[PDB]
Amino acid sequence: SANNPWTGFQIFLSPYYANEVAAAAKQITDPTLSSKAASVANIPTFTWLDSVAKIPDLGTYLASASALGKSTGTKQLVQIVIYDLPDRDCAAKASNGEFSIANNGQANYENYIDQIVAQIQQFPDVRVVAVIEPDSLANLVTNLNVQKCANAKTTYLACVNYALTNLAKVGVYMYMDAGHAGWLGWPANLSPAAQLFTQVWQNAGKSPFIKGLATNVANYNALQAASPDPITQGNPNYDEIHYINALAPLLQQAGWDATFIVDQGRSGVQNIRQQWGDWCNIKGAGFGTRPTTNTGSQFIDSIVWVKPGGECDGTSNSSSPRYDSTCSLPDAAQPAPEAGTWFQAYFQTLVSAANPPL
Ligand SMILES: OC[C@H]1O[C@@H](O[C@H]2[C@H](O)[C@@H](O)[C@@H](O)O[C@@H]2CO)[C@H](O)[C@@H](O)[C@@H]1O
Ligand SMILES: OC[C@H]1O[C@@H](O)[C@H](O)[C@@H](O)[C@@H]1O
Ligand code: NA
């Protein structure tokens, strides 16, 4: 639409990922691959606020971005993910988080949001774009038979509402997470999904800062597939552009001028999964299309890298409390460490298999 949040801004490069990448590139023995790997630190990614312990880091990023903008004559933009719901990751085991509904989860989450707002309020010269709670709403469309998700539904909706309402007050541009084509893109799931997204947008007051939806976060689907991946049989919406073209008009029918962002950070290699539901550390993945606002679709504000490639999706160790068997499937890279920690061998393959090449 008329206001694309990225136009006219320079994106602040994540210091957290830059440090991971710098350490990783030194451990790659091939000298040519090492140089290509190091260049990944110059590609903008989203930084995840996956624990309340990271909120002070956010303050440092905003302050560094503000100084860089003043120094270089530019306006700076910081990309973050809000990812700390109580009873997080309700349909899986690998990314369970620090808060639980049973122990004051909603009140803890409201305090987490309040602390984030308090940091952002101090640096009004820096633009913030936020992805809100990957997986949460998609789980409430298709996974209400999962008891953990059913019991979390009212808390999830209240927490997401608190985030949207309060981040809007400090001018954050927000994209709510909307799954991916293999999850909500099935034709039969589009209407229930649209109804839920529009209800959340209405409850938060229809703020213009709620720009739209994010798709493919931490997944592997193509934006525009040359030919359908065989895992997609039965679903006419076999890539993200088909999903978005089918969903966007329904959000229009409700009065929401919604636009989209699409993760392509791990989408460079297609046709590598045995089943569409295999999400964990998929073997052979490569870095995909680099972030750009030249998207080819009226509905898409930007291609982005939301999930930082190299940070693990979940452990293959069956003795961990966060063991999910999806992470030990034949198409999952193993052995794998805990979700969120660095997975060096996976990063090296992402670099080697990048398409387009680095
Ligand atoms: O997309 C990453 C998230 O996947 C979640 O699993 C989804 C999966 O992506 C779908 O293809 C389908 O199989 O439904 C699953 C949910 O039951 C996974 O639970 C999350 O942890 C991932 O971040
Ligand atoms: O890598 C980005 C994020 O991925 C998730 O799967 C992990 O649970 C988080 O700890 C991590 O911040
Ligand atoms: Na996950």
# chains A, B, ... in the order shown; residues from 1 in each chain; ligands from 1
>>> residues_around(residues="residue 312 (chain A)", least_positions_apart="2", cutoff="7 Å", atoms="only C-alpha atoms", output="PDB file with N, CA and C atoms, in the first residue's frame")
ATOM      1  N   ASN A 281      14.816 -28.480  11.457  1.00  0.00           N
ATOM      2  CA  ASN A 281      16.182 -28.554  10.935  1.00  0.00           C
ATOM      3  C   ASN A 281      16.287 -29.342   9.632  1.00  0.00           C
ATOM      4  N   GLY A 310      20.933 -21.026  10.900  1.00  0.00           N
ATOM      5  CA  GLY A 310      21.995 -21.429  11.800  1.00  0.00           C
ATOM      6  C   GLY A 310      21.544 -21.603  13.223  1.00  0.00           C
ATOM      7  N   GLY A 314      15.281 -27.178  17.180  1.00  0.00           N
ATOM      8  CA  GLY A 314      14.937 -28.153  18.193  1.00  0.00           C
ATOM      9  C   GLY A 314      15.955 -29.276  18.259  1.00  0.00           C
ATOM     10  N   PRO A 337      21.353 -29.538  18.458  1.00  0.00           N
ATOM     11  CA  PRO A 337      21.261 -29.000  19.819  1.00  0.00           C
ATOM     12  C   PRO A 337      19.887 -28.406  20.138  1.00  0.00           C
ATOM     13  N   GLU A 338      19.782 -27.772  21.305  1.00  0.00           N
ATOM     14  CA  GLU A 338      18.515 -27.185  21.733  1.00  0.00           C
ATOM     15  C   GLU A 338      18.082 -26.071  20.782  1.00  0.00           C
ATOM     16  N   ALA A 339      16.764 -25.910  20.661  1.00  0.00           N
ATOM     17  CA  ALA A 339      16.214 -24.812  19.861  1.00  0.00           C
ATOM     18  C   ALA A 339      16.804 -23.484  20.291  1.00  0.00           C
ATOM     19  N   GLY A 340      17.131 -22.644  19.301  1.00  0.00           N
ATOM     20  CA  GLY A 340      17.659 -21.333  19.549  1.00  0.00           C
ATOM     21  C   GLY A 340      19.170 -21.271  19.679  1.00  0.00           C
ATOM     22  N   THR A 341      19.840 -22.391  19.850  1.00  0.00           N
ATOM     23  CA  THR A 341      21.297 -22.390  19.939  1.00  0.00           C
ATOM     24  C   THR A 341      21.923 -22.604  18.571  1.00  0.00           C
ATOM     25  N   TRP A 342      23.200 -22.262  18.464  1.00  0.00           N
ATOM     26  CA  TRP A 342      23.882 -22.304  17.172  1.00  0.00           C
ATOM     27  C   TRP A 342      24.143 -23.743  16.736  1.00  0.00           C
ATOM     28  N   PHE A 343      23.876 -24.033  15.464  1.00  0.00           N
ATOM     29  CA  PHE A 343      23.999 -25.368  14.854  1.00  0.00           C
ATOM     30  C   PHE A 343      24.969 -25.195  13.689  1.00  0.00           C
TER      31      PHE A 343
END
>>> closest_atom_pairs(of="chain A", to="ligand 3", cutoff="7 Å", atoms="only C-alpha atoms and all ligand atoms", output="CSV")
residue,atom,partner,partner_atom_place_in_ligand_line,distance
A:94,CA,ligand 3,1 (Na),6.7
A:95,CA,ligand 3,1 (Na),5.9
A:218,CA,ligand 3,1 (Na),6.8
A:313,CA,ligand 3,1 (Na),5.5
>>> residues_near_ligand(ligand="ligand 1", cutoff="6 Å", atoms="only C-alpha atoms and all ligand atoms", output="JSON, numbers by chain")
{"A": [89, 91, 92, 182, 183, 218, 219, 276, 277, 279]}
>>> residues_around(residues="residue 347 (chain A)", least_positions_apart="6", cutoff="12 Å", atoms="only C-alpha atoms", output="ChimeraX atom specification")
/A:17,20-25,27-28,33-34,36-38,40,265-266,281-287,308-312,333,336,341,353-354
>>> residues_around(residues="residue 294 (chain A)", least_positions_apart="5", cutoff="12 Å", atoms="only C-alpha atoms", output="number ranges by chain")
A: 4, 6-7, 261, 289, 299-304
>>> select_by_dssp(residues="region 192-291 of chain A", states="helix (DSSP H, G or I)", output="PyMOL selection string")
chain A and resi 192-203+230-232+240-252
>>> closest_residue(among="A:280, A:184, A:113, A:214", to="ligand 2", atoms="only C-alpha atoms and all ligand atoms")
A:280
>>> residues_around(residues="residue 55 (chain A)", least_positions_apart="4", cutoff="9 Å", atoms="only C-alpha atoms", output="PyMOL selection string")
chain A and resi 49+51+59+112+115-116+119
>>> write_last_selection(atoms="N, CA, C and O atoms", output="short mmCIF file (atom, residue, chain, number, x, y, z; two decimals), in the first residue's frame")
data_model
loop_
_atom_site.label_atom_id
_atom_site.label_comp_id
_atom_site.auth_asym_id
_atom_site.auth_seq_id
_atom_site.Cartn_x
_atom_site.Cartn_y
_atom_site.Cartn_z
N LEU A 49 13.10 -11.76 20.50
CA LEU A 49 13.00 -11.51 21.94
C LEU A 49 12.29 -12.72 22.53
O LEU A 49 11.10 -12.71 22.86
N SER A 51 13.03 -14.33 25.28
CA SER A 51 13.04 -14.38 26.75
C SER A 51 13.08 -12.95 27.25
O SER A 51 13.58 -12.05 26.57
N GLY A 59 17.29 -2.57 24.20
CA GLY A 59 17.65 -1.20 24.47
C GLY A 59 18.98 -0.81 23.86
O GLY A 59 19.11 0.28 23.33
N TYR A 112 6.45 -8.33 30.39
CA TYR A 112 7.39 -8.44 29.26
C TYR A 112 7.09 -7.39 28.20
O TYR A 112 7.97 -6.66 27.76
N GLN A 115 7.92 -3.81 29.49
CA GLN A 115 9.35 -3.52 29.44
C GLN A 115 9.84 -3.25 28.04
O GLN A 115 10.72 -2.40 27.83
N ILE A 116 9.31 -3.94 27.04
CA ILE A 116 9.66 -3.66 25.65
C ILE A 116 9.19 -2.28 25.24
O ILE A 116 9.93 -1.51 24.64
N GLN A 119 11.43 0.51 26.52
CA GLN A 119 12.65 0.73 25.76
C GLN A 119 12.37 1.48 24.48
O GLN A 119 13.04 2.46 24.16
#
>>> residues_around(residues="residue 136 (chain A)", least_positions_apart="4", cutoff="9 Å", atoms="only C-alpha atoms", output="ChimeraX atom specification")
/A:85,88-90,132,140,149,156-157,160,177-179
>>> write_last_selection(atoms="N, CA, C and O atoms", output="short mmCIF file (atom, residue, chain, number, x, y, z; two decimals), in the first residue's frame")
data_model
loop_
_atom_site.label_atom_id
_atom_site.label_comp_id
_atom_site.auth_asym_id
_atom_site.auth_seq_id
_atom_site.Cartn_x
_atom_site.Cartn_y
_atom_site.Cartn_z
N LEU A 85 5.01 -16.08 24.48
CA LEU A 85 3.71 -16.36 25.04
C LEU A 85 3.85 -17.36 26.17
O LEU A 85 4.65 -18.30 26.09
N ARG A 88 4.00 -21.39 25.32
CA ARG A 88 4.45 -21.17 23.94
C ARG A 88 4.56 -22.50 23.22
O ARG A 88 4.83 -23.54 23.81
N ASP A 89 4.39 -22.46 21.90
CA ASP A 89 4.66 -23.63 21.03
C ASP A 89 3.74 -24.79 21.42
O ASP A 89 4.17 -25.92 21.61
N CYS A 90 2.43 -24.51 21.45
CA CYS A 90 1.51 -25.41 22.14
C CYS A 90 1.34 -26.75 21.43
O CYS A 90 0.93 -27.72 22.07
N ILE A 132 4.69 -10.54 15.35
CA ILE A 132 4.04 -10.84 16.63
C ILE A 132 3.76 -12.35 16.71
O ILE A 132 2.93 -12.89 15.96
N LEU A 140 -4.28 -21.80 16.78
CA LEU A 140 -5.67 -21.65 17.16
C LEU A 140 -6.62 -21.88 16.01
O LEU A 140 -7.83 -22.00 16.25
N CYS A 149 -3.17 -26.39 23.37
CA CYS A 149 -3.60 -25.21 22.60
C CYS A 149 -5.01 -24.78 22.98
O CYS A 149 -5.28 -23.58 23.10
N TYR A 156 -3.77 -16.80 24.93
CA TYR A 156 -3.08 -16.35 23.73
C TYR A 156 -3.74 -15.11 23.17
O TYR A 156 -3.06 -14.16 22.78
N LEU A 157 -5.07 -15.13 23.06
CA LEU A 157 -5.77 -13.99 22.46
C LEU A 157 -5.60 -12.74 23.32
O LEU A 157 -5.41 -11.65 22.79
N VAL A 160 -1.79 -11.55 22.86
CA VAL A 160 -1.59 -10.92 21.57
C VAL A 160 -2.28 -9.56 21.53
O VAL A 160 -1.73 -8.57 21.04
N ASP A 177 1.72 -13.08 12.99
CA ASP A 177 2.11 -14.30 12.28
C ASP A 177 0.87 -15.03 11.74
O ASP A 177 -0.15 -15.14 12.39
N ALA A 178 1.00 -15.59 10.53
CA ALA A 178 -0.08 -16.23 9.80
C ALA A 178 0.34 -17.58 9.21
O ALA A 178 -0.14 -17.99 8.13
N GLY A 179 1.23 -18.31 9.86
CA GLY A 179 1.50 -19.65 9.37
C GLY A 179 2.15 -19.63 8.00
O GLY A 179 2.99 -18.79 7.71
#
>>> closest_residue(among="A:43, A:306, A:52, A:170", to="ligand 2", atoms="only C-alpha atoms and all ligand atoms")
A:306
>>> select_by_dssp(residues="region 180-272 of chain A", states="strand (DSSP E)", output="JSON, numbers by chain")
{"A": [210, 211, 212, 213, 214, 215, 259, 260, 261, 262, 263]}
>>> write_last_selection(atoms="N, CA, C and O atoms", output="tab-separated table (two decimals), in the first residue's frame")
chain	number	residue	atom	x	y	z
A	210	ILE	N	-1.03	-1.82	12.74
A	210	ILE	CA	-1.14	-3.25	12.49
A	210	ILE	C	-1.22	-3.41	10.98
A	210	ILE	O	-2.30	-3.32	10.38
A	211	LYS	N	-0.07	-3.60	10.34
A	211	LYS	CA	0.03	-3.54	8.90
A	211	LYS	C	-0.55	-4.76	8.22
A	211	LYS	O	-1.08	-4.67	7.11
A	212	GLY	N	-0.42	-5.93	8.84
A	212	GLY	CA	-0.80	-7.15	8.16
A	212	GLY	C	-0.23	-8.36	8.82
A	212	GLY	O	-0.21	-8.44	10.06
A	213	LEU	N	0.26	-9.28	7.98
A	213	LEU	CA	0.57	-10.63	8.39
A	213	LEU	C	1.94	-11.06	7.87
A	213	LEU	O	2.39	-10.59	6.82
A	214	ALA	N	2.58	-11.95	8.59
A	214	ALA	CA	3.85	-12.56	8.19
A	214	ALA	C	3.60	-14.02	7.87
A	214	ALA	O	2.83	-14.69	8.58
A	215	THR	N	4.24	-14.53	6.81
A	215	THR	CA	4.08	-15.94	6.44
A	215	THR	C	5.43	-16.60	6.28
A	215	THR	O	6.46	-15.94	6.05
A	259	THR	N	-1.28	-6.00	4.30
A	259	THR	CA	-0.14	-6.40	3.49
A	259	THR	C	0.66	-7.45	4.25
A	259	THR	O	0.38	-7.74	5.42
A	260	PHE	N	1.64	-8.02	3.59
A	260	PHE	CA	2.32	-9.21	4.07
A	260	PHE	C	3.82	-9.06	3.98
A	260	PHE	O	4.35	-8.34	3.13
A	261	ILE	N	4.51	-9.78	4.84
A	261	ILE	CA	5.93	-10.06	4.69
A	261	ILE	C	6.12	-11.57	4.66
A	261	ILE	O	5.35	-12.30	5.29
A	262	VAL	N	7.14	-12.03	3.94
A	262	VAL	CA	7.34	-13.47	3.73
A	262	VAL	C	8.78	-13.81	4.06
A	262	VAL	O	9.71	-13.26	3.46
A	263	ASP	N	8.99	-14.76	4.97
A	263	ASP	CA	10.32	-15.27	5.27
A	263	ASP	C	10.81	-16.13	4.11
A	263	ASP	O	10.10	-17.03	3.65
>>> residues_around(residues="residue 274 (chain A)", least_positions_apart="5", cutoff="10 Å", atoms="only C-alpha atoms", output="PyMOL selection string")
chain A and resi 230-231+282+329-331
>>> write_last_selection(atoms="N, CA, C and O atoms", output="short mmCIF file (atom, residue, chain, number, x, y, z; two decimals), in the first residue's frame")
data_model
loop_
_atom_site.label_atom_id
_atom_site.label_comp_id
_atom_site.auth_asym_id
_atom_site.auth_seq_id
_atom_site.Cartn_x
_atom_site.Cartn_y
_atom_site.Cartn_z
N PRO A 230 6.37 -31.99 -4.39
CA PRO A 230 5.46 -33.14 -4.24
C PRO A 230 4.76 -33.24 -2.88
O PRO A 230 3.68 -33.82 -2.78
N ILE A 231 5.36 -32.68 -1.83
CA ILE A 231 4.71 -32.68 -0.52
C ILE A 231 3.38 -31.94 -0.51
O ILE A 231 2.62 -32.08 0.44
N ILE A 282 15.52 -28.96 8.63
CA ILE A 282 15.42 -29.78 7.43
C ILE A 282 16.76 -29.83 6.69
O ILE A 282 17.35 -28.79 6.37
N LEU A 329 13.51 -37.10 12.48
CA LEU A 329 13.06 -37.72 11.25
C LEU A 329 14.22 -37.81 10.27
O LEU A 329 15.24 -37.13 10.42
N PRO A 330 14.07 -38.65 9.23
CA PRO A 330 15.15 -38.79 8.25
C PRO A 330 15.51 -37.50 7.54
O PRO A 330 16.65 -37.38 7.07
N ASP A 331 14.59 -36.55 7.41
CA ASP A 331 14.90 -35.31 6.74
C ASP A 331 15.37 -34.22 7.70
O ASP A 331 15.54 -33.08 7.27
#
>>> closest_residue(among="A:53, A:129, A:144, A:63", to="ligand 2", atoms="only C-alpha atoms and all ligand atoms")
A:53
>>> closest_residue(among="A:305, A:197, A:173, A:209", to="ligand 2", atoms="only C-alpha atoms and all ligand atoms")
A:305
>>> closest_residue(among="A:133, A:125, A:98, A:84", to="residue 110 (chain A)", atoms="only C-alpha atoms")
A:84
